[PDB]
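Next up: just one chain, as C-alpha cells, the form deposited without lovastatin (803).
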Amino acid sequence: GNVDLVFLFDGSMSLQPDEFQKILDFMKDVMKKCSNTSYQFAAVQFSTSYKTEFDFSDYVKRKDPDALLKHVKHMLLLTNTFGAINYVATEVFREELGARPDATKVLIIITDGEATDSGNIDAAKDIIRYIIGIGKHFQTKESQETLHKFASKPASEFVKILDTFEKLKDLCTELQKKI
C-alpha cells in the first residue's frame, strides 16, 4: 500500500506571485490531508532547470509541508517539461533520495502552460502520471490536448484542466480511493 508521490510543479515566468503561492498551498494541502499515511512525498520545481525542493528522506524526517517548502524560490523562466519529467524519473525516484522500492510511483505534474522543450518521456511511462493544467493558457481544447502526452491513460482520468485549484475533486481523497 506504499505510495511514493512526486509533485513536479511549474515555476515559469507566467505565474503571478499569488498563482505560484497557490501552487505551493495546493501541494501543502494534499500532504496535510494525506499525512501519517503510507504516502511519502517529494517535490521538484521546474522552469528552465529542475530543483528537488525536498526529497522523500526530508519528508520522513520533518513531516511538515510548511517547513519542507519554506525555502522555495520561484524560478521565473521557461517550462521544460520533457527535461523535468525525465529528471524525476531518473534522479528523484531513487533509493538514494529515500524512495522505497516496494512503493507505487505517482507523479503529479502542475503546470500553467505548454512545454517549451521537446523529446520524449519514455523513462517515466510506467509511473502513474496526473497532469493539472491551470489557468488561461489552457482555454482552448487544442492547448489542453498538448498535455495528454505527459499523463497516464486515459486522459479523461489523468488530465485535469482547472480554472482554480478549488474546483479540483479533492486529490488526496481521489488518490487514496484509486491508487
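Start at 1 and count along the sequence shown; that's the residue number.
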Stretch exceeding the other in mean C-alpha B-factor - 106-114, 28-36: 28-36
Taking the mean of the C-alpha B-factors per stretch from the entry, tell me the winner out of 97-105 and 73-81. 97-105
Would you mind checking which of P65, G133, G119, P154 has the top Cα temperature factor in the PDB entry? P65
Third of chain Cα B-factors occupied by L8: lowest
For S49, the third of its chain by CA B-factor is the middle
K149 - Cα temperature factor, lowest/middle/highest third of chain: middle
Which third of the chain does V60 land in by C-alpha B-factor: lowest, middle or highest? highest
Would you mind checking where the Cα B-factor of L15 ranks among the modelled residues of its chain, as the lowest, middle or highest third? lowest
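This protein has a second form, the form deposited with lovastatin (803) bound, left out of what is shown; the following refers to that one.
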Would lovastatin (803), positioned as it is in the deposited bound form and superimposed via the C-alphas around its site, fit into this form without 3 or more of its atoms falling within 2.4 Å of the backbone or C-beta atoms? Open or blocked? blocked
With the partner left out of view, is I108 within 4.5 angstroms of lovastatin (803) in the deposited bound form by any non-hydrogen atom? yes
At the 4.5 Å heavy atom threshold, is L171 in contact with lovastatin (803) in the deposited bound form? yes
Within a 4.5 Å heavy atom cut-off, is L8 in contact with lovastatin (803) in the deposited bound form? no
Although the partner isn't part of this model, could you tell me whether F56 comes within 4.5 Å of lovastatin (803) in the deposited bound form, counting any heavy atom of the residue? no
Consider the chain as shown here, without its partner, and state which of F138, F26, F150, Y50 has a heavy atom within 4.5 Å of lovastatin (803) in the deposited bound form. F26
For this chain shown on its own, do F20, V44 and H74 all sit within 4.5 Å of lovastatin (803) in the deposited bound form, going by heavy atoms? no
